[PDB]
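K.L.:
pasting the sequence and an experimental structure:
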Amino acid sequence: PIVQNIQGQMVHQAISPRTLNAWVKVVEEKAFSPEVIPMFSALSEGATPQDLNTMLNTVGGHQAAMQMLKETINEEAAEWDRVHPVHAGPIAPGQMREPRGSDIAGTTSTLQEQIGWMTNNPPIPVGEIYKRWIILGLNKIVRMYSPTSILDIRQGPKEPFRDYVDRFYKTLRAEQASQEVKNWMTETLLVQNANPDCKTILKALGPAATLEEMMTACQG
Amino acid sequence: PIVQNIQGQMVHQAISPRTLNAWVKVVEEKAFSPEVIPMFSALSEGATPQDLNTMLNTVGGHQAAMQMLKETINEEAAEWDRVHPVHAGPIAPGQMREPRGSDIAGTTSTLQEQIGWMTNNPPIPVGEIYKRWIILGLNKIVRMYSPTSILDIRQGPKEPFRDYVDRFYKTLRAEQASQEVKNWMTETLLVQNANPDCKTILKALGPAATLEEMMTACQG
Amino acid sequence: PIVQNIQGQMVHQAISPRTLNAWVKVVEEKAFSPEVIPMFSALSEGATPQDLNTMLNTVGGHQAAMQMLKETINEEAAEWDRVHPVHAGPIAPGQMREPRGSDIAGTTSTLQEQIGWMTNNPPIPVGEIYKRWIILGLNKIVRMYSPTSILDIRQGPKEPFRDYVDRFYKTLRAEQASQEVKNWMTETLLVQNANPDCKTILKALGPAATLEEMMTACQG
Amino acid sequence: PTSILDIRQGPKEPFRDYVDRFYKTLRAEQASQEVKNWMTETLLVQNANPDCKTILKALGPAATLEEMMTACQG
Amino acid sequence: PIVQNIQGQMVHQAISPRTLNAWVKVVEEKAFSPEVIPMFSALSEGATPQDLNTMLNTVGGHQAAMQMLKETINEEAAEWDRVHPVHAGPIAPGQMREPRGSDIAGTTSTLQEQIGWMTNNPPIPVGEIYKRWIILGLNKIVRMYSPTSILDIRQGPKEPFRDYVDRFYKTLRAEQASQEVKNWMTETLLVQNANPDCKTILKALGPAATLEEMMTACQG
Amino acid sequence: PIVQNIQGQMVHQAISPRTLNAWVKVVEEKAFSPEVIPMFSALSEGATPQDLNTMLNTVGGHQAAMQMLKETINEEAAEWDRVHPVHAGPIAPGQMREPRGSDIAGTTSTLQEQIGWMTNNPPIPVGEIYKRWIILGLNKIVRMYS
């Protein structure tokens, strides 16, 4: 990443072997659970596109997911290049040229150009855009790994409300719907799909139902 | 209503008996269907709040719905009076005073104040606000009147696809959710709740499912 | 709908209730049949897009057909926007700007703008365009409500020739694939599917036979 | 261990393991990316199970990987 | 086809019957081989679109292939119109005709118009454009007529290397791909699918060996 | 070929269908005998490289021999390009540029450049070199066929 030296210039630093080992371990250990995206955004902070490409290439297996992520990055780069014209010709000294989509993807650039684009005034968040693209791809991947749909969750006769709402919120986190539609879903289907006993319990509870009072009512 | 004379002043005209007869006939024969709101908005065009109060009072029976509508009108009037200060004191001639919420409802005024407010320059439309409040109330009523919810619609084994989509779209018209949630449900739960045979047919149809294509696929 | 006056000019007029009542009655009583399009074209002559949206929203029941019509109107509006692009630069003093594909439907424009568009100099026929779109949608609807195809017609041994030709021409007018193909069908498929006795009676007159002699042959 | 031309799906071997093994062998293999673009569209659908073969061919030749996957999902 | 006539003035010479007989015979005897494309390109040198239409109509059988050819000609004309629309510009001092997709395809263009477009200065390459279209169509047809895929070409246990490489190169020429794909395939697929007895011989020679070395190695 | 008009310019003329028909007939009926090379050199006289490519592509079957012939043409073109430098930059009008090996093969040019090279002063015969290469290839083929 790019660690900022204390009261000094920000110095470039190679990705830590500890960071890369933790990343490959969490990938191998947890496959593609919805928390791998937060943990990836945590491990990779202020990292160059070279660092992000390394963190992606060290992943072993799940080559279909990797190819889908690369296709998503390619689509994002194509859209960027389409909606952003690229200038050419002689360029004034002390000012880097227009970053192309293939360069912001890191497939046709070098660490020097990446650091230059990340140190310019004003700075150009090449890392923050490539990380956004990688997060979109990882979101597509985790949506593809979703075993069951959200509309098809039904509580078992013996399966308790805690386990039911755990599965429901896991599938909701995996879901792809927008946040505005995501709210209505957890407002309605949560009480509409439960077992009849606690369903009538929450119906007697009525409106303004919150998770805490719901779980305290469905006790026993 | 307020008929606009051809090349002349917009002369006031009392509501014809035909309008009230058609209104009482539809509210008697058709109960409270989703379409009544469009027919109500059609019959009453450019009508003073006195005309709308006459059209509402002539309704016979279903007094619970009328009380709910009056409560909704009262809530809207309270909100209007809260978020709009009312001026007092001596008022300059040729300029009507500030319309109050209980006054914009027409319960504390005569026809002259309404006609003056609908003829001022610039015009202050009391009819288009009182009709909006009545439409909100009628929407609450028709939502309350719906017998079954939208999430609990399931196609019968012998019941064809046409009847199923008819019931589904009727309940959707009766639904209270926002338009984006409406699009989400009419996109997903339509094919997610059909009979397994045509369910697999529409799954083979794939994305971009359009209603005419669906109904042409499920034929036979 | 606009109406001409004694001086010759036209101005908006409120939609008559026993037009809405007649349209709703003919839609429900006759459901969907080829003779609903002429009635619709006759009922709403000169109607503004708001009046057509009224006459469409007022149709309770058969919501699938109304959604088909809405989708057809939707696609038609998009084509109009694509075919003509608004010009840039200074606008002439005697001319002002035009409506969009979605505003032809009247979904996002007030009634006064429709009246100004219809009575401009030169007049802009938004009402006629939206009526053409609605007529195309109704043609597709009556196509869907066809109970058989044109090829499956085969007269029964006892079904009279009159009923056979009635059913044939009914599903032929409900086909509307083309006009010259219709002319070829009425020559070939009409003579190809007769009962053997009356079949050879029609063959006795050759292909030059007209429909009148065609029926009075099998008559009596 | 094996060439990319030898990758073939078993009769009941799910599409998941087949595409995983195929892409793993393709990544281990050495060739220009331009050749791989034709290699995938020529080999992925052909070596699949007959039922899944017809299922993917119903989607189209230029179908993406995610649609081809969700076709035979489960 | 037009031909340079003494002296220096091109005049129209109708297509000779012997050329049409040669074309019919080559299509009868050789069906749709890869070599027909060169024979067609050489039999119709500098032919007016009418001559190419005659040569495509005189074919006997293979009506499906002729239909694909006609449809691809239509597609090329459609794309040509899209790629060559009349954008507003100052009118040229000198006017020369212009060939439309339908004027190039010889459908609605009289012979005199084509003679004009060809002999005028500067010439309009209508003949070469229509020949390129027909050649693309013939490439499509000959790539469709391939009995087996190039990937399925495998040598028999005692099938000599002679017939094996002959059939392999024939199917490869019928196959469609870029030249670099063929360069990779001739190095990756040819030696692998050979018979093991001679496969060991080809492996002993080397990976980058030429065709003649392997052919004289497994010779006999 | 390039027919020389009687008291006139050497007008270009497309290969007649009879030449190609006789060529495909002999290559089909007689396989690859030693005499075919003389008959090939006889049928194609003063022909542009486009004519020779058309005469070679029309051959049906024996694709191994055609691939060997194309490999021999490629080797000869590589040798020609190695032992002859190719000039570039702006070229004076009325004087064609330096013919490249891949260009002398006719695979990277049109008929106009060949006709210009076969009409320049002094003439630069592309046909007599491309035919020489095709004859070397056919000699290798007939040696292999023995």
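P.N.:
In hand now; what should we look at? Residues are numbered from 1 along each chain as shown, chains lettered A, B, ... in the order given.
K.L.:
what does chain A put close to chain D?
P.N.:
For chain A, the residues in contact with chain D (CB under 8 Å from any CB of the partner chain) are A:61-64, A:66-68, A:71, A:140, A:144. (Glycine included, C-beta is placed from N, CA and C.)
K.L.:
from these, which is closest to chain E?
P.N.:
Closest approach to chain E among the residues of chain A next to chain D (CB to the nearest CB): residue A:67, at 20.1 Å.
K.L.:
contacting residues for the closest one?
P.N.:
Residues near residue A:67 by CB atoms under 8 Å, 6 or more residues apart in numbering or on different chains: D:23, D:65.
K.L.:
ok, now residue A:145?
P.N.:
Applying CB under 8 Å, 6+ apart to residue A:145 gives the contacts A:31-32, A:65, A:174.
K.L.:
looking at the residues of chain A next to chain D, which are in helices?
P.N.:
The members of these that map onto helices under DSSP state H are A:63-64, A:66-68, A:71, A:140, A:144.
K.L.:
on that earlier part again, out of the contacts of residue A:145, who's the most crowded?
P.N.:
Greatest neighbour count in the contacts of residue A:145, by other CB atoms under 10 Å in any protein chain shown, goes to residue A:65: 24 neighbours.
K.L.:
so what's the closest residue to chain D within chain A up against?
P.N.:
For chain A, the residue closest to chain D is residue A:63, as judged by CB to the nearest CB, at 3.6 Å. By CB under 8 Å, 6+ apart, the contact set of residue A:63 is D:20, D:23-24, D:26-27.
K.L.:
6 Å - rerun?
P.N.:
Neighbouring residues of residue A:63 by CB atoms under 6 Å, 6 or more residues apart in numbering or on different chains: D:23-24, D:27.
K.L.:
measure it to chain B for me?
P.N.:
25 Å (CB to the nearest CB, to the nearest Å).
K.L.:
what's the closest non-adjacent residue to that residue?
P.N.:
Computed as CB to CB, 6 or more residues apart in numbering or on different chains, the closest residue to residue A:63 that is not its neighbour in sequence is residue D:23, at 3.6 Å.
K.L.:
please identify which of the contacts of residue A:63 is nearest to chain F.
P.N.:
Using CB to the nearest CB, the contacts of residue A:63 come closest to chain F at residue D:27, 32.2 Å.
K.L.:
ok, which stretches of chain A are strands?
P.N.:
Assigned by DSSP state E, the strands in chain A fall at A:2-4, A:10-12.
K.L.:
now those strands in TSV, with mean neighbour count?
P.N.:
Below are those laid out as TSV (neighbours: other CB atoms under 10 Å in any protein chain shown):
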stretch	mean neighbour count
strand A:2-4	13
strand A:10-12	12
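K.L.:
can you show me the helices along chain A?
P.N.:
Assigned by DSSP H, the helices in chain A fall at A:17-30, A:36-43, A:49-57, A:63-83, A:101-104, A:111-119, A:126-144, A:161-174, A:179-192, A:196-205, A:211-217.
K.L.:
helices or strands up against the last one?
P.N.:
Spelled out, it's helix A:211-217. Where contact means 3 or more CB pairs under 6 Å, 6 or more residues apart in numbering or on different chains; DSSP states H and E, helix A:211-217 is packed against helix A:196-205.
K.L.:
buried residues, the helix it packs on. List them.
P.N.:
By neighbour count on 16 or more other CB atoms under 10 Å in any protein chain shown, the buried set for helix A:196-205 is A:198, A:201-202, A:205.
K.L.:
got a list of contacts for it?
P.N.:
With CB under 6 Å, 6+ apart as the test, helix A:196-205 has contacts from A:161, A:191, A:209, A:214, A:217-218.
K.L.:
roughly how far is that helix from the heart of the chain?
P.N.:
36 Å (CA atoms, centre = their mean, to the nearest Å).
K.L.:
what inclination does it have with respect to helix A:179-192?
P.N.:
When axes from the mean of the first three to the mean of the last three CA atoms, to 10 degrees is applied, the directions of helix A:196-205 and helix A:179-192 differ by 120 degrees.
K.L.:
just the angle for helix A:196-205 relative to helix A:161-174, thanks.
P.N.:
80 degrees.
K.L.:
pull the CA atoms of helix A:196-205 into CSV?
P.N.:
In CSV, the C-alpha atoms belonging to helix A:196-205 read as follows (Å, rounded to 0.1, in the frame of the first residue of the first chain):
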residue,chain,number,x,y,z
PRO,A,196,-48.1,-19.5,12.6
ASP,A,197,-47.6,-19.2,16.4
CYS,A,198,-45.1,-16.4,16.5
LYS,A,199,-46.7,-15.0,13.3
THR,A,200,-49.9,-14.4,15.3
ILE,A,201,-47.7,-13.2,18.2
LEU,A,202,-46.1,-10.5,16.0
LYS,A,203,-49.5,-9.7,14.5
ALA,A,204,-50.8,-9.0,18.0
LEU,A,205,-47.6,-6.9,18.4
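K.L.:
now, the most widely separated pair of the contacts of helix A:196-205?
P.N.:
A:161 and A:209 (12.6 Å; CB to CB).
K.L.:
of the two, which one has the most company?
P.N.:
Comparing residue A:161 with residue A:209 by other CB under 10 Å, the one with more neighbours is residue A:161, at 21 against 15.
K.L.:
mind listing what's buried along stretch A:165-175?
P.N.:
Residues of stretch A:165-175 classed as buried: A:165, A:168, A:170-172, A:174-175 (neighbour count, 16+ other CB under 10 Å).
K.L.:
tally up the residues packed near residue A:97, please.
P.N.:
15.
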